[PDB]
Amino acid sequence: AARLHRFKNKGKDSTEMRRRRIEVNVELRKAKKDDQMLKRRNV
Amino acid sequence: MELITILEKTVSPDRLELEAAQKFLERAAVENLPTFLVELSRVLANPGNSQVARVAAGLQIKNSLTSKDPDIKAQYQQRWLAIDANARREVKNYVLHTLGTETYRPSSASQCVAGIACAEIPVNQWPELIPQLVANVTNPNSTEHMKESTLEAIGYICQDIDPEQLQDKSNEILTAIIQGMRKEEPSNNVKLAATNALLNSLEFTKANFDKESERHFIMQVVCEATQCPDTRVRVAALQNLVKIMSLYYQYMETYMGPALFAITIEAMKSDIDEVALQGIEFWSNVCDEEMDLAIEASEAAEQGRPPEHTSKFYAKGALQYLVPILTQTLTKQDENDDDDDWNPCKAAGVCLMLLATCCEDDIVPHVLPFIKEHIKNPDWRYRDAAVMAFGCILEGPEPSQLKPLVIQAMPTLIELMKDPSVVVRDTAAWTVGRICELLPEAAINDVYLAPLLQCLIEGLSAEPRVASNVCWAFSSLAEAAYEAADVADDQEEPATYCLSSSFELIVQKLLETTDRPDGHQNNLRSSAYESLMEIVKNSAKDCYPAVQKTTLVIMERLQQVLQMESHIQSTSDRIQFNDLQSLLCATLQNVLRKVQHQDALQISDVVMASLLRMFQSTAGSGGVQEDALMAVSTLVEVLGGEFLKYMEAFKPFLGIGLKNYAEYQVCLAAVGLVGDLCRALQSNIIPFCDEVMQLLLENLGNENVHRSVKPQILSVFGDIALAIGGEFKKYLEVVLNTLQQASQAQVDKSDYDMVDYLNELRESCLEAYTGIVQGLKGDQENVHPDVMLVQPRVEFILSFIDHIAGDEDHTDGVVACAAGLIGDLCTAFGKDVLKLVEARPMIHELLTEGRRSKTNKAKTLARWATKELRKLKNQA
């Protein structure tokens with residue numbers, strides 16, 4: 001079809017930014033999980 | 001009444017006739033499918049009927065036979081095959097004789113041919129179809145209409161029906177289409193019909209691709225067909241040639257020079273739009289597949305294996321004749337610039353941008369003379385491409401050697417941000433925006449920072465099309481500053497950096513631009529809000545009063561949202577409201593994570609009430625509440641163990657969140673919320689555990705939910721036991737049975753989607769076992785007597801990872817938690833598991849590759865697993 005998602009900054013939509021934000025949050029959730037767990041286990 | 005008149009009325013301009021005809025045809029098809037279709041086929045087969053009626057009959061049968069939604073089409077296929085063979089064969093007689101009796105350039109019956117065969121081919125009840133079509137094309141006495149009608153039907157056959165059902169009959173069809181593809185054909189319409197049908201059937205022509213003589217025969221046609229005087233044949237042959245390149249790049253080497261590359265350059269010189277576009281599209285795919293092959297080459301190089309596929313560096317040996325023409329056609333812009341239509345002007349940039357990435361550092365000398373010479377042109381046309389091509393080549397070359405060019409052109413860029421040409425200022429905004437993201441250090445230089453920064457602030461007050469492009473520059477500039485701030489200012493959080501001097505000025509300007517009435521144009525509001533999210537997220541310690549003021553301001557913005565839920569009169573208004581509510585809630589996450597614990601107390605009550613009412617404000621539109629509850633979790637992540645003040649006023653909302661069973665995202669976020677709740681509330685979640693656990697087990701039994709949510713549901717079982725301790729015994733028996741059942745499920749290895757799906761599924765299974773083992777273990781004392789409840793299951797748990805260790809798909813995440821679980825199991829019993837582990841040597845090789853695993857957490861769990869294994873052996 002059309003690859004219009006590469007013309008300067010037209011490939012930055014409301015839905016596109018939504019998935020970018022949530023994947024950051026879950027990694028922080030992942031990071032906070034192990035960091036809390038690792039500190040209680042051993043250095 | 002006569003059905004011929006019905007076919008005329010469905011095209012006549014009368015609303016009442018259309019619904020009456022549609023109702024009668026739909027009712028008759030359901031009432032008597034076989035007889036009515038036979039009657040319809042009889043009428044259309046007659047050449048004496050009016051062409052309008054025949055077209056109407058063709059589309060009506062097309063609508064009944066096929067649709068847009070695959071599920072509706074699939075059940076229609078099952079309905080058709082249930083019809084008796086004589087009735088099915090009766091319409092086959094008329095349909096195969098209807099073609100060639102219509103003077104219309106498209107064939108109405110061709111769509112009908114596709115629909116019937118959608119169910120006939122899988123059941124193979126019409127085996128004489130394919131041989132019949134071959135004879136029609138090969139017949140020299142056939143008329144022009146009959147030739148093209150058969151070819152048109154052929155294209156529909158290979159476009160709608162699944163490719164697997166046509167794998168066997170590829171040889172016969174290809175023989176027919178080539179016969180009608182000969183350049184000796186006088187009629188041009190036969191050529192384009194053959195060209196369109198040819199490209200639709202390139203996915204199962206590999207059975208004919210293996211023969212080099214046949215392969216040379218097929219390409220002999222398209223190379224000669226490209227030179228056809230008709231413009232439609234020119235693009236169609238090239239368009240077919242584009243798809244040929246996309247698939248069979250491994251064998252196009254022998255003809256690229258003598259036959260292929262000569263046409264593409266010539267086709268790219270055309271003053272017509274499509275001819276130059278398809279040629280540009282062709283060479284873009286060459287670089288694109290070169291990159292993917294380069295990825296495969298990079299994948300094989302590190303592993304040491306020979307590359308299964310190898311490229312030939314076409315892009316490097318063609319940019320000499322590609323850049324000058326591409327740059328020349330890059331200046332074909334228009335005064336009435338619009339972003340709605342794809343045009344060769346914008347098509348030029350993306351192909352040039354793709355070429356720069358593909359050839360990496362071999363595009364710098366071919367473009368610098370053009371930009372340096374036309375950057376001072378009196379007309380904006382040449383200055384537009386002089387700066388646009390500068391940004392389009394910023395990616396791919398290494399930054400250090402590109403520094404001398406960008407540093408000297410920066411003083412020109414700011415002046416170019418002031419010329420009266422609207423397009424150049426819009427173009428310059430992207431270039432400075434691109435240069436900030438890709439070149440952090442160059443974008444921040446005090447000799448040019450203050451003039452550049454002042455231009456950016458003044459720039460956003462202009463037309464929205466240039467305000468949108470500069471907002472992302474502001475956000476990237478802050479991120480570039482942060483990457484330079486942590487190195488210089490402090491180590492864990494910046495205190496005061498360069499942008500801090502103008503930080504308080506720009507942040508309120510971003511608040512101002514969000515209030516502009518033209519925020520919808522070029523997604524201005526979403527651009528500013530995202531820019532506002534990043535600039536607040538990246539601040540300095542001296543900016544605490546600045547972020548404090550906007551925190552109050554955004555709270556007042558929430559107050560504005562409170563009293564506007566009754567202003568919905570149009571659907572688009574709700575859509576913007578849906579977008580607006582998501583942005584503010586997302587912005588709440590950034591500010592709540594960048595404030596002081598004391599400052600959070602005052603805003604806790606107002607936000608909690610605001611979040612509570614906003615959850616219930618959206619009775620429908622489940623998308624917005626997906627962001628709501630995760631925003632609520634962010635409050636819990638920072639507030640601490642003081643959230644019990646609202647727990648009694650949160651259970652019905654938490655309960656109904658898991659009671660959806662329709663949307664997987666909300667419950668996927670909901671299981672995160674309860675995980676976040678227990679992770680902070682610690683042992684105060686005991687009275688609330690009974691309500692969620694009973695409902696949570698119900699989700700396990702129901703299989704109507706999405707497959708993706710199941711591992712996350714199993715993920716929350718382990719952690720809740722870690723908080724309460726040894727009070728989970730009342731639910732321990734139930735979960736193990738579900739854990740037993742879930743671990744029993746297995747699937748084959750044929751489709752990579754479900755192959756990697758089970759990897760994360762068994763990954764969730766491992767961590768669930770870790771939580772209950774750690775939960776009953778307590779805090780510091782020895783093993784509790786509760787460990788005997790899971791004692792009989794440890795053989796099964798070790799057996800489950802025995803199969804995982806025996807597998808060869810694997811995932812770095814899976815191998816990590818398994819090693820961590822072993823340490824927990826070793827702590828659980830020790831000597832008891834020693835006999836169990838010795839009977840399973842596959843876990844020994846599964847832990848040795850843990851050392852191979854590059855992920856650090858895999859290493860930490862790997863050393864954790866082996867250190868306790870030695871202690872168990874050294875226990876006695």
# chains A, B, ... in the order shown; residues from 1 in each chain; ligands from 1
>>> interface_residues(of="chain B", to="chain A", cutoff="9 Å", atoms="only C-alpha atoms", output="PyMOL selection string")
chain B and resi 339+342+346-347+349-350+392+430+434+468-469+472+522-523+526-527+530+579+586+672+676+679+857
>>> closest_atom_pairs(of="segment 690-729 of chain B", to="segment 644-667 of chain B", cutoff="8 Å", atoms="only C-alpha atoms", output="JSON lines")
{"residue": "B:691", "atom": "CA", "partner": "B:655", "partner_atom": "CA", "distance": 7.9}
{"residue": "B:692", "atom": "CA", "partner": "B:655", "partner_atom": "CA", "distance": 6.9}
{"residue": "B:695", "atom": "CA", "partner": "B:658", "partner_atom": "CA", "distance": 7.7}
{"residue": "B:696", "atom": "CA", "partner": "B:658", "partner_atom": "CA", "distance": 7.7}
{"residue": "B:699", "atom": "CA", "partner": "B:661", "partner_atom": "CA", "distance": 7.8}
{"residue": "B:704", "atom": "CA", "partner": "B:661", "partner_atom": "CA", "distance": 7.7}
{"residue": "B:705", "atom": "CA", "partner": "B:661", "partner_atom": "CA", "distance": 5.9}
{"residue": "B:706", "atom": "CA", "partner": "B:664", "partner_atom": "CA", "distance": 6.2}
{"residue": "B:708", "atom": "CA", "partner": "B:664", "partner_atom": "CA", "distance": 7.8}
{"residue": "B:709", "atom": "CA", "partner": "B:664", "partner_atom": "CA", "distance": 6.2}
>>> atom_distance(atom1="atom CA of residue 700 of chain B", atom2="atom CA of residue 723 of chain B")
22.2 Å
>>> residues_around(residues="segment 816-831 of chain B", least_positions_apart="4", cutoff="6 Å", atoms="only C-alpha atoms", output="list in words")
residues 770, 858, 861, 862, 865 and 872 of chain B
>>> residues_around(residues="residue 464 of chain B", least_positions_apart="3", cutoff="12 Å", atoms="only C-alpha atoms", output="MDAnalysis selection string")
chainID B and resid 422 425:426 429 459:461 467:471 513:514 516:525 527:528
>>> write_last_selection(atoms="N, CA and C atoms", output="PDB file, in the first residue's frame")
ATOM      1  N   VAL B 422       7.196  29.999   3.195  1.00  0.00           N
ATOM      2  CA  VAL B 422       6.566  29.150   4.202  1.00  0.00           C
ATOM      3  C   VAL B 422       7.140  27.739   4.160  1.00  0.00           C
ATOM      4  N   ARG B 425      10.704  27.393   5.756  1.00  0.00           N
ATOM      5  CA  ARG B 425      10.637  27.416   7.214  1.00  0.00           C
ATOM      6  C   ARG B 425      10.082  26.107   7.764  1.00  0.00           C
ATOM      7  N   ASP B 426       9.042  25.563   7.126  1.00  0.00           N
ATOM      8  CA  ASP B 426       8.559  24.238   7.505  1.00  0.00           C
ATOM      9  C   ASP B 426       9.642  23.184   7.306  1.00  0.00           C
ATOM     10  N   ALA B 429      12.443  23.408   9.917  1.00  0.00           N
ATOM     11  CA  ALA B 429      12.058  22.920  11.238  1.00  0.00           C
ATOM     12  C   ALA B 429      12.362  21.436  11.390  1.00  0.00           C
ATOM     13  N   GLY B 459       9.106  30.625  16.861  1.00  0.00           N
ATOM     14  CA  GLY B 459       8.592  29.787  15.791  1.00  0.00           C
ATOM     15  C   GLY B 459       7.249  29.151  16.067  1.00  0.00           C
ATOM     16  N   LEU B 460       7.031  28.652  17.287  1.00  0.00           N
ATOM     17  CA  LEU B 460       5.796  27.950  17.614  1.00  0.00           C
ATOM     18  C   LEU B 460       4.566  28.851  17.584  1.00  0.00           C
ATOM     19  N   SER B 461       4.737  30.170  17.631  1.00  0.00           N
ATOM     20  CA  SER B 461       3.609  31.090  17.544  1.00  0.00           C
ATOM     21  C   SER B 461       3.109  31.282  16.118  1.00  0.00           C
ATOM     22  N   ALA B 467       4.643  24.816  13.698  1.00  0.00           N
ATOM     23  CA  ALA B 467       4.648  24.668  15.149  1.00  0.00           C
ATOM     24  C   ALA B 467       4.736  23.202  15.554  1.00  0.00           C
ATOM     25  N   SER B 468       4.089  22.319  14.792  1.00  0.00           N
ATOM     26  CA  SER B 468       4.149  20.895  15.100  1.00  0.00           C
ATOM     27  C   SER B 468       5.564  20.353  14.940  1.00  0.00           C
ATOM     28  N   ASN B 469       6.257  20.759  13.874  1.00  0.00           N
ATOM     29  CA  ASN B 469       7.583  20.213  13.603  1.00  0.00           C
ATOM     30  C   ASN B 469       8.603  20.686  14.631  1.00  0.00           C
ATOM     31  N   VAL B 470       8.374  21.854  15.235  1.00  0.00           N
ATOM     32  CA  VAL B 470       9.337  22.386  16.194  1.00  0.00           C
ATOM     33  C   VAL B 470       9.093  21.855  17.601  1.00  0.00           C
ATOM     34  N   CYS B 471       7.875  21.395  17.899  1.00  0.00           N
ATOM     35  CA  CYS B 471       7.595  20.858  19.227  1.00  0.00           C
ATOM     36  C   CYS B 471       8.435  19.621  19.518  1.00  0.00           C
ATOM     37  N   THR B 513       0.478  27.304  23.963  1.00  0.00           N
ATOM     38  CA  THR B 513       0.191  26.758  22.640  1.00  0.00           C
ATOM     39  C   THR B 513      -0.838  25.635  22.672  1.00  0.00           C
ATOM     40  N   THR B 514      -0.984  24.931  23.798  1.00  0.00           N
ATOM     41  CA  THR B 514      -2.048  23.944  23.934  1.00  0.00           C
ATOM     42  C   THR B 514      -3.432  24.576  23.973  1.00  0.00           C
ATOM     43  N   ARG B 516      -4.338  27.067  21.988  1.00  0.00           N
ATOM     44  CA  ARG B 516      -4.639  27.645  20.688  1.00  0.00           C
ATOM     45  C   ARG B 516      -5.828  26.930  20.050  1.00  0.00           C
ATOM     46  N   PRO B 517      -6.752  27.672  19.431  1.00  0.00           N
ATOM     47  CA  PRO B 517      -7.933  27.027  18.834  1.00  0.00           C
ATOM     48  C   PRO B 517      -7.607  26.078  17.694  1.00  0.00           C
ATOM     49  N   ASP B 518      -6.448  26.221  17.050  1.00  0.00           N
ATOM     50  CA  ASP B 518      -6.054  25.357  15.945  1.00  0.00           C
ATOM     51  C   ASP B 518      -5.202  24.178  16.408  1.00  0.00           C
ATOM     52  N   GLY B 519      -5.424  23.703  17.635  1.00  0.00           N
ATOM     53  CA  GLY B 519      -4.684  22.561  18.141  1.00  0.00           C
ATOM     54  C   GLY B 519      -4.943  21.270  17.392  1.00  0.00           C
ATOM     55  N   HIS B 520      -6.081  21.166  16.704  1.00  0.00           N
ATOM     56  CA  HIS B 520      -6.365  19.957  15.937  1.00  0.00           C
ATOM     57  C   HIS B 520      -5.533  19.892  14.662  1.00  0.00           C
ATOM     58  N   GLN B 521      -5.209  21.044  14.076  1.00  0.00           N
ATOM     59  CA  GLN B 521      -4.462  21.087  12.826  1.00  0.00           C
ATOM     60  C   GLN B 521      -3.054  20.539  13.028  1.00  0.00           C
ATOM     61  N   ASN B 522      -2.670  19.580  12.182  1.00  0.00           N
ATOM     62  CA  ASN B 522      -1.361  18.926  12.253  1.00  0.00           C
ATOM     63  C   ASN B 522      -1.080  18.389  13.653  1.00  0.00           C
ATOM     64  N   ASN B 523      -2.108  17.808  14.272  1.00  0.00           N
ATOM     65  CA  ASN B 523      -2.056  17.258  15.632  1.00  0.00           C
ATOM     66  C   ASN B 523      -1.231  18.141  16.567  1.00  0.00           C
ATOM     67  N   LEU B 524      -1.569  19.433  16.578  1.00  0.00           N
ATOM     68  CA  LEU B 524      -0.807  20.395  17.369  1.00  0.00           C
ATOM     69  C   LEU B 524      -0.923  20.109  18.863  1.00  0.00           C
ATOM     70  N   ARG B 525      -2.142  19.862  19.353  1.00  0.00           N
ATOM     71  CA  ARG B 525      -2.323  19.619  20.781  1.00  0.00           C
ATOM     72  C   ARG B 525      -1.579  18.370  21.235  1.00  0.00           C
ATOM     73  N   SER B 527       0.937  17.035  19.824  1.00  0.00           N
ATOM     74  CA  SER B 527       2.364  17.321  19.711  1.00  0.00           C
ATOM     75  C   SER B 527       2.864  18.110  20.915  1.00  0.00           C
ATOM     76  N   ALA B 528       2.139  19.166  21.296  1.00  0.00           N
ATOM     77  CA  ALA B 528       2.549  19.979  22.436  1.00  0.00           C
ATOM     78  C   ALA B 528       2.457  19.196  23.741  1.00  0.00           C
TER      79      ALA B 528
END
>>> residues_around(residues="residue 121 of chain B", least_positions_apart="5", cutoff="10 Å", atoms="only C-alpha atoms", output="list in words")
residues 116, 126, 127, 129, 157, 161, 162, 165 and 166 of chain B
>>> residues_around(residues="residue 673 of chain B", least_positions_apart="3", cutoff="10 Å", atoms="only C-alpha atoms", output="NGL selection string")
:B and (629-634 or 636 or 654 or 667-670 or 676-679 or 716)
>>> residues_around(residues="residue 130 of chain B", least_positions_apart="4", cutoff="8 Å", atoms="only C-alpha atoms", output="list in words")
residues 134, 169, 172 and 173 of chain B
>>> select_by_dssp(residues="chain A", states="helix (DSSP H, G or I)", output="PyMOL selection string")
chain A and resi 4-6+14-41
>>> atom_distance(atom1="atom CA of residue 543 of chain B", atom2="atom CA of residue 637 of chain B")
22.6 Å
